[PDB]
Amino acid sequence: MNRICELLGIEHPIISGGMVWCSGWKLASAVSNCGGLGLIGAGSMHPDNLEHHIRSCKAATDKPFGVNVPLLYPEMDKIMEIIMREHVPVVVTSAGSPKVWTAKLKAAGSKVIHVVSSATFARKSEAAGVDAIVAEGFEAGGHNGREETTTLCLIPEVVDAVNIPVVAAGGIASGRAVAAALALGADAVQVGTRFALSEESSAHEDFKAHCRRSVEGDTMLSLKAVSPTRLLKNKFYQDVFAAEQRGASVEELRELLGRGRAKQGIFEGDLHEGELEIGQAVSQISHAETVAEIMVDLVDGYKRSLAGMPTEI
């Protein structure tokens, strides 16, 4: 068995990334039903709503699903209590220390996966007792690592650094890229952007449609002095860029960033003032599609990509 398939009890080594405003039970349960692992994105859910999405996912699928928890989540104790009482099969943690919750989640029966952006942090997660890690490259949508290491340079270094399974994230929007990730030595892939634009994603339809119109170079890893974030170059980004060019302080950039822009953009469709988080691979997606269409494409595309490789060079 592929190491991730066996670890998580899934048919295909494809995980849908936990994404604020996108990863409702509808997206997560559809990915799980298609044989991958769908993740609910707790980052955008108050505890009561999180519990509802877990229950709805549980009703909609008999297959494993998980919850992604950014560790800066403001009511952590409440959502951890929920996640352990609901026996969530897989928990994916990011943006914080894996030492805090890993042993407790594992004692409660969850498999634990932590998101990292370097070999050094991959090693610290392995030492913390996680079951696997996601190594996320520069091209990924949303908050990314300060080192700016791309998927192609990150994966071989991370898989040489640890003995536990490694999931590649950042730039995986096709069967070819799934093959490239397994060629580099990852056991599986985590797909964000392509699933964020799927029919089942909870993102606003105006957000999805706007993302489909974007072209190469429309995203930029930005706000680096506050927290590097990859987003579409919209009006909000332009304000940030003008501020950075004038030598704005961290406090000025923080004031401009303000609060709630990701919700306003991704969930509510404010394409001017929103923080439009999306990966570089957005430029590959041109029309609406369902989770099942994407899953079939990633699986069948992998097969064709691999079959067309020369036996040697």
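Residue numbers here begin at 1 and follow the sequence given.
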{"item": "Higher-scoring stretch by recorded Cα B factor average, 142 to 150 or 207 to 215", "value": "207 to 215"}
{"item": "Mean temperature factor over C-alpha atoms, higher-scoring stretch between 230 to 238 and 182 to 190", "value": "230 to 238"}
{"item": "Member of 34, 45, 60, 253 with the greatest C-alpha B factor (per the PDB record)", "value": "253"}
{"item": "131, 200, 81, 136, ranked by C-alpha B-factor: the highest one", "value": "81"}
{"item": "Cα B factor band for residue 249 (lowest, middle or highest third within the chain)", "value": "highest"}
{"item": "Where the record places residue 18 (Cα B-factor, split into thirds across the chain)", "value": "middle"}
{"item": "Third of the chain's Cα B-factor distribution that residue 98 belongs to, per the entry", "value": "middle"}
{"item": "Entry-reported Cα temperature factor of residue 283, expressed as the chain third it lands in", "value": "highest"}
{"item": "Assigned third (lowest, middle, highest) for the C-alpha B factor of residue 123", "value": "lowest"}
